Amino acid sequence: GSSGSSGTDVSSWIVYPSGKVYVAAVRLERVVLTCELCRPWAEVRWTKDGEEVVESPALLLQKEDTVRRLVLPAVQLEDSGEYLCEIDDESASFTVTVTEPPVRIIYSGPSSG
């Protein structure tokens, strides 16, 4: 609800990408989704598992002139799923699989006793 009301001779709101897209991310990785539109004032909405994504300190929604993008300063293995970007009547498929990062924890020191 609480939505405006517009209309025009439009075929496919989602100008890009043109199909399914696969994206591989890592725990607490910085990803950047690319989703352009055939309209500047065209408002879009990202949905995760049927539900709509909500702004948060772990999910940043970027918006360009005529193209939109979803940046995540910190992702989680749980986030890994199916990102569907819906605008009006169409939706864009965005696969974002998150896995465990490479060895990082490195502890060293003089073994006492």
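Cβ coordinates were reconstructed from backbone atoms using ideal geometry, including for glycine residues, and neighbour counts include every protein chain displayed. Throughout, read-outs are computed from the coordinates displayed, never taken from laboratory work.
Residues in segment 34-41: is at least one over 13 Å from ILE14 (Cβ atoms), polar (S, T, N, Q) and either touching a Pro at 6+ places or on another chain (Cβ under 8 Å) or surrounded by fewer than 16 Cβ atoms within 10 Å (Cβ to Cβ) (or both)?
no
Mind counting the residues in segment 84-113 that are exposed (fewer than 10 other Cβ atoms within 10 Å of the Cβ) and either in contact with a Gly (Cβ under 6 Å, 6 or more places away or on another chain) or over 18 Å from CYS38 (Cα atoms) (or both)?
Residues in segment 84-113 being exposed (fewer than 10 other Cβ atoms within 10 Å of the Cβ) and either in contact with a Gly (Cβ under 6 Å, 6 or more places away or on another chain) or over 18 Å from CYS38 (Cα atoms) (or both): 13 in total.
Would you check which residues across segment 46-59 are exposed (fewer than 15 other Cβ atoms within 10 Å of the Cβ) and either touching a residue at least 24 places away in the same chain (Cβ under 8 Å) or farther than 19 Å from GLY19 by Cα (or both) and list them?
Those that are exposed (fewer than 15 other Cβ atoms within 10 Å of the Cβ) and either touching a residue at least 24 places away in the same chain (Cβ under 8 Å) or farther than 19 Å from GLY19 by Cα (or both): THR47, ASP49, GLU51, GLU52, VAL54, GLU55, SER56, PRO57, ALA58.
Does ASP65 fit the bill of being in a loop (DSSP other than H, G, I, E, B), more than 25 Å from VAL26 (Cβ to Cβ), of a type outside the set (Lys, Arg) and touching a residue at least 12 places away in the same chain (Cβ under 8 Å)?
Yes: the conditions hold for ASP65.
Among the residues of segment 5-30, write down those that are under 14 Å from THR99 (Cα atoms) and part of a loop (DSSP other than H, G, I, E, B).
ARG27, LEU28, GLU29, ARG30
Which members of segment 4-15 meet the condition of being surrounded by 11 or more Cβ atoms within 10 Å (Cβ to Cβ) and either β-branched (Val, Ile, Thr) or touching a residue at least 24 places away in the same chain (Cβ under 8 Å) (or both)?
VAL10, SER12, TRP13, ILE14, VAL15
I'd like the full set of residues that are of a type in the set (A, V, I, L, M) and either in contact with a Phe, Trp or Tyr (Cβ under 8 Å, 6 or more places away or on another chain) or touching a residue at least 40 places away in the same chain (Cβ under 8 Å) (or both), limited to segment 20-45.
Correct list: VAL21, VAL23, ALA24, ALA25, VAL26, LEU28, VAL31, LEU33, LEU37, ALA42, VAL44.
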